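Every number in this text was worked out from the coordinates using simple rules, so none of it is lab data. Cβ: placed from backbone, ideal geometry, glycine included. Neighbour counts: every protein chain shown.
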Amino acid sequence: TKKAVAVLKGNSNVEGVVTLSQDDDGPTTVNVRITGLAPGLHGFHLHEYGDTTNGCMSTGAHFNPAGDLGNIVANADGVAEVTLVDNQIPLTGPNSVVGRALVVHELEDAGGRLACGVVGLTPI
Amino acid sequence: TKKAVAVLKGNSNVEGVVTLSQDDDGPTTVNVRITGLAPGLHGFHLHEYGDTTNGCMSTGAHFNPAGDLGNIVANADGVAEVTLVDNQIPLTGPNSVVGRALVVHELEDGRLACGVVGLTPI
Ligand SMILES: [Cu+2]
Ligand SMILES: [Cu+2]
């Protein structure tokens, strides 16, 4: 019933697409495909602000109304392809993440900020 | 009381920053600074989708629940610096433009640049 997207870019080689989907006030399906990563674990987080004026730094802190989405795993080719299901990522209501940022880190679970993107509406 | 931002980029040299500000359900102050424009008039619009996966084209059509914000004027240096006040740009409600796109055009009234409308601190 509701879809969002985030195009990930940053001060590095790391780039990707994340799609989020949600039926009503239910759980949220997150499709992560991110390339150019150092093989291994990487912190994947929801930051508070869709602000990209000072790179990934203007996105602020973790979105806690936490916004830690876990680690994602980059294979030997530096590709992290995974599907998450989280319950704390509303696309609706007071706590909508629409208009905030997704950030991928250099380290696991925080690390430097390789790439981010604003969470924008995509068609259903 | 509420602030948003859009960083504009695209398949060209055109880039910029737009900040929007709103008190309650009032009128919305839009600060446009965009560089690298062809001197003259340029269409400045609100598109439906914060989707940048296919450059500015995935942002879709005008945001009509129109989303025409007018023309902006680029000087001899290709800089369009202006402050608009529009009433049809809510940062709140069913019609929030938070998560959509701002798009600047090659003509007045192609897509030179765009940016998703994200939350900035107040
Ligand atoms: Cu983070
Ligand atoms: Cu347009």
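Could we say that B:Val30 is over 26 Å from A:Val119 (Cβ atoms) and part of a strand (DSSP E or B) here?
For B:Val30, the condition - over 26 Å from A:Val119 (Cβ atoms) and part of a strand (DSSP E or B) - is not met.
Pick from the stretch A:60-90 the residues that are assigned to a loop (DSSP other than H, G, I, E, B) and within 11 Å of ligand 1 (Cβ to nearest atom): which of them is farthest from the other protein chains (Cβ to nearest Cβ)? Walk me through how you get there before you give the answer.
Narrowing the stretch A:60-90 to residues assigned to a loop (DSSP other than H, G, I, E, B): A:60-61, A:63-67, A:75-79, A:87-90.
From what is left, the residues that are within 11 Å of ligand 1 (Cβ to nearest atom) are A:60-61, A:63, A:66-67.
Working: A:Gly60: 7, A:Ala61: 10, A:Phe63: 10, A:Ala66: 17, A:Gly67: 13 Å.
Per the stated criteria, the residue is A:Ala66.
Can you tell me how many residues within the stretch A:94-116 are buried (at least 24 other Cβ atoms within 10 Å of the Cβ) and either in a loop (DSSP other than H, G, I, E, B) or more than 13 Å from ligand 1 (Cβ to nearest atom) (or both)?
Residues in the stretch A:94-116 being buried (at least 24 other Cβ atoms within 10 Å of the Cβ) and either in a loop (DSSP other than H, G, I, E, B) or more than 13 Å from ligand 1 (Cβ to nearest atom) (or both): 4 in total.
Yes or no: the stretch B:47-59 includes at least one residue that is more than 16 Å from ligand 1 (Cβ to nearest atom), crowded, with 18+ Cβ neighbours inside 10 Å and more than 22 Å from A:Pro123 (Cβ to Cβ). Lay out the reasoning, then the answer.
At the first step, the residues of the stretch B:47-59 found to be more than 16 Å from ligand 1 (Cβ to nearest atom) are B:47-59.
In the following step, the residues that additionally are crowded, with 18+ Cβ neighbours inside 10 Å were identified as B:47-52, B:56, B:58-59.
Now drop any that are not more than 22 Å from A:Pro123 (Cβ to Cβ), which leaves none.
No - not one qualifying residue is present in the stretch B:47-59.
Can you tell me which residue is farthest from A:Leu84 (Cα to Cα) among those in the stretch A:16-32 that are within 11 Å of chain B (Cβ to nearest Cβ) and surrounded by fewer than 19 Cβ atoms within 10 Å (Cβ to Cβ)?
A:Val17
Scanning the stretch B:66-89 for residues that are under 13 Å from the mean Cα position of the chain (by Cα) and closer than 12 Å to B:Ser21 by Cα, which turns out surrounded by the most Cβ atoms within 10 Å (Cβ to Cβ)?
B:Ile89
Could you give me the residue pairs with C-beta distances under 6 Å whose first residue belongs to the stretch B:91-108 and is within 11 Å of chain A (Cβ to nearest Cβ), whose second residue is among the β-branched types (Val, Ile, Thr) and within 11 Å of ligand 2 (Cβ to nearest atom) wherever it lies, and which are 6+ apart or on separate chains?
B:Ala101/B:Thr59
Looking at A:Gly10, is it closer than 25 Å to B:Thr59 by Cβ and within 11 Å of another protein chain (Cβ to nearest Cβ)? I'd like the intermediate steps shown before the answer.
Working: closer than 25 Å to B:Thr59 by Cβ: yes; within 11 Å of another protein chain (Cβ to nearest Cβ): no.
Spelling it out, it is not the case that A:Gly10 is closer than 25 Å to B:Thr59 by Cβ and within 11 Å of another protein chain (Cβ to nearest Cβ).
Restricting the stretch B:33-47 to residues that are within 14 Å of ligand 2 (Cβ to nearest atom) and over 22 Å from A:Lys9 (Cβ atoms), which is farthest from the other protein chains (Cβ to nearest Cβ)?
B:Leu41
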